[PDB]
Amino acid sequence: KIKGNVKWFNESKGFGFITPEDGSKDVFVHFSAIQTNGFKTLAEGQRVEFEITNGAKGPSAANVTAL
Amino acid sequence: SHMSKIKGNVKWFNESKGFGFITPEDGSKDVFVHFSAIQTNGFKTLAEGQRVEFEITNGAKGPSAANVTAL
């Protein structure tokens, strides 16, 4: 439900961060959130849409889809 | 890989959860830092804007900090 860009992602460890478009704080994303359709990874800079959930790492991204 | 440590300023750091990002001095992309990389004695944390010295691992894709010391 909100839009952002992948700031940083590590493939093997299975996590990264997304910068929301509204300029609010970066949110954690786990590979299990990535809706695909192949490699569960995200490229630095990629535009995504996601929902915020309250997880072990604080505000986190759920249901992450490519834009 | 790197000739030496480099310097930077902490971009943001969640002091309770123990992770954040460092902006390197050299203009390259922000580097992820977890509390376990912090060398400081005691409760391991960083403050936003804090000056640090550190090593980088994984530079091109998902770079992470190692050996982080407060300047």
Side-chain angles (χ1 to χ4, degrees), chain A, chain B residues 1-40 42-71:
Chain A
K1 25 90 167 182
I2 73 144
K3 300 182 193 74
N5 295 76
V6 180
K7 181 182 177 68
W8 175 106
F9 194 88
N10 182 300
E11 312 200 340
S12 177
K13 290 180 188 170
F15 77 88
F17 290 84
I18 294 164
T19 300
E21 275 193 350
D22 73 351
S24 63
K25 292 182 163 304
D26 291 339
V27 296
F28 176 79
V29 55
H30 189 256
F31 76 92
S32 65
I34 304 172
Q35 312 298 126
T36 54
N37 269 81
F39 288 96
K40 301 283 207 164
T41 190
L42 292 168
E44 57 181 315
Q46 184 179 346
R47 223 169 163 233
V48 287
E49 179 168 84
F50 58 100
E51 297 148 42
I52 288 159
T53 52
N54 305 311
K57 305 227 191 304
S60 301
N63 199 11
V64 179
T65 68
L67 280 180
Chain B
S1 189
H2 293 76
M3 208 56 204
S4 65
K5 44 198 189 164
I6 56 160
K7 297 185 299 273
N9 290 333
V10 174
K11 177 77 169 186
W12 64 264
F13 195 89
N14 186 327
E15 304 197 54
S16 291
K17 299 281 173 196
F19 54 78
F21 278 90
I22 301 163
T23 303
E25 68 186 329
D26 63 4
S28 58
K29 55 178 94 70
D30 286 350
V31 178
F32 176 69
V33 50
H34 181 70
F35 74 80
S36 59
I38 305 169
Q39 302 305 114
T40 74
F43 184 78
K44 287 179 178 330
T45 194
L46 294 168
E48 182 164 330
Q50 185 169 3
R51 290 156 53 93
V52 290
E53 188 171 61
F54 58 103
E55 303 156 8
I56 296 175
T57 75
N58 336 58
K61 191 186 268 176
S64 282
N67 289 144
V68 177
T69 61
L71 280 173

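In what follows, every heavy atom counts, from backbone to side chain, and hydrogens, waters and symmetry copies are set aside. Lettering follows sequence order; numbering is per chain, from 1.
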| Contact origin within B/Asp30 toward chain A - heavy atom pairs under 4.5 Å | both

| field | Part of B/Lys17 within contact of chain A (heavy atom distance under 4.5 Å) | value | side chain

| task | Look at the rings of A/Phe28 and B/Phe19 and say which category their plane angle falls in: under 30° parallel, 30 to 60° tilted, over 60° perpendicular. | result |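 It falls in the tilted class, 30° to 60°.
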
| Aromatic plane relationship, A/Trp8 with B/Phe21 - under 30° parallel, 30 to 60° tilted, over 60° perpendicular | perpendicular

Tell me if the [atom1] atom of [X] is crowded by more than 12 foreign heavy atoms within 6.0 Å.
| X | atom1 | value |
| --- | --- | --- |
| B/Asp26 | CG | yes |
| B/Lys11 | NZ | no |
| A/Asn54 | CG | no |
| A/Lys57 | NZ | no |

| query | Which atoms of A/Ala56 come close to chain B, meaning under 4.5 Å heavy atom to heavy atom: side chain ones, backbone ones, both, or neither? | reply |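 Backbone only.
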
